[PDB]
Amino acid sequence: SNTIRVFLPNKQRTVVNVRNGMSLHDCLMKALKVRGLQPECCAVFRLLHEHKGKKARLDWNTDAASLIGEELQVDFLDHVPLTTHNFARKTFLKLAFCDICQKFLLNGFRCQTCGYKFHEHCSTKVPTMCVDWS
């Protein structure tokens, strides 16, 4: 009962207990970094189930105890260069190397947005967010 559920970007969610005095940034910094999400590229909102607007923006360093019981939501800032990968099969005719284990890559997969090439058994080591500054 002493917790707050927060909906995270990319249709994710977390529930954290509030050591009072902690800010919203302190309680959610661990849950964002483990998901490949940069806190500097995120905003925390309070979900408004009411009319005319679904959420209102909140300060990151506000007291987390002041929002116990409500449902918060973290979203990416406007037009941040973070998206989801777009993998596809690729056979490397010329000798290429994996971006994860730095071994010989023959039949692997590459992202059509950032160019992340990797062995299939290394696809779990690719970052979860796609950085796109093209």
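Here the rigid core means the biggest group of C-alpha atoms that line up within 1.5 Å when the two forms are laid on top of each other. Just count from 1 along the sequence shown to find any residue number.
Per-stretch RMS Cα distance to the displayed form in 6 other deposited structures of this protein, following rigid core alignment, is highest for 90-98 when 65-73 and 90-98 are compared.
Modelling of residue 53 is missing from a third or more of the other compared entries in which both of its neighbours are modelled. Comparing 85-93 with 72-80, the stretch with the higher mean C-alpha B-factor in the PDB entry is 85-93. As recorded in the PDB entry, 19-27 is the stretch of 5-13 and 19-27 with the greater mean C-alpha temperature factor. When the C-alpha B-factors of 40, 99, 63, 59 are ranked from the entry, the top spot goes to 63. Residue-level temperature factors show residue 32 in the lowest third of its chain, judged at the C-alpha atom.
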